[PDB]
Amino acid sequence: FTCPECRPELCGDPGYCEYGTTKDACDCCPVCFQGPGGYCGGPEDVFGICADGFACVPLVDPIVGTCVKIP
Amino acid sequence: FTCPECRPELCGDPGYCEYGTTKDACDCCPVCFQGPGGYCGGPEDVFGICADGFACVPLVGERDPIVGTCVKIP
């Protein structure tokens, strides 16, 4: 999949990001990090992006996982 | 892409939506709708899902999922 030219004004606000903020797969719109134990991954990380210090660990093609703290 | 079995306990809090709540492309986790003029579409609607009363219309120059913006439809 290929990304459009980013127009930040078209991005919806992410709300308060309890676990921190990052940008979407196109490096365009702000999105909230997923917290521990929550879904992550899938195409373009549609089901969530784990916060710094956390890894998307596969559920027991783009893998789907949950966010788990990296020890 | 094939969805996993939905386990709602693994869903995050979507937050308080300006434009109402819907479910994700897997009909699993709650997510907030995108409103008029905001991005929409892409794989599994990663860039947005348009609110009721609006549809995702492709960006100008796009060719054969599409990315678009939400536009009020007849």
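Letters A, B, ... mirror the listed sequences (proteins, then strands); counts begin at 1.
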Step-by-step side-chain contact (heavy atoms from CB on, under 4.5 Å) determination, B:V46 to A:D45: CA-CA 8 Å; B:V46 58; A:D45 293 324; over 6 Å; no

Counting only non-hydrogen atoms closer than 4.5 Å, does [X] touch chain A with its backbone (N, CA, C, O), its side chain (CB onward), both, or neither?
| X | value |
| --- | --- |
| B:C32 | neither |
| B:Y39 | both |
| B:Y19 | neither |

Would B:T69 and B:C56 satisfy side-chain contact (heavy atoms from CB on, under 4.5 Å), going step by step from the backbone distance to the final call? CA-CA 5 Å; B:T69 65; B:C56 192; over 6 Å; no

Examine whether an atom of A:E44 lies under 4.5 Å from a heavy atom of chain B, and if so say whether it belongs to the side chain, the backbone or both; otherwise answer neither. both

Side chain, backbone, both or neither: which part of A:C40 has a heavy atom under 4.5 Å from chain B? neither

Worked verdict on B:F47 versus A:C26 for side-chain contact (heavy atoms from CB on, under 4.5 Å): CA-CA 9 Å; B:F47 301 129; A:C26 291; 3.5 Å; yes

Would you say B:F1 and B:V67 are hydrophobically clustered, going by side-chain heavy atoms of ILVMFWY under 4.5 Å? yes

Interatomic distance, B:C29 atom SG to B:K23 atom NZ [nearest 0.5 angstrom]: 8.5 Å

Which value, rounded to the nearest 0.5 Å, describes the distance between B:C3 atom SG and B:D24 atom CG? 7.0 Å

Write out, in numerical order, the residues from residues 9-18 of chain B with a heavy atom short of 4.5 Å from a heavy atom in chain A. B:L10, B:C11, B:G12

Quick one, A:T21 with A:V31, criterion side-chain contact (heavy atoms from CB on, under 4.5 Å). Give me CA distance, side-chain angles, the key distance, then yes/no. CA-CA 6 Å; A:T21 314; A:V31 302; over 6 Å; no

Please report the shortest heavy-atom distance between B:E62 and B:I66, naming the atom on each side. OE2-CA, 3.2 Å

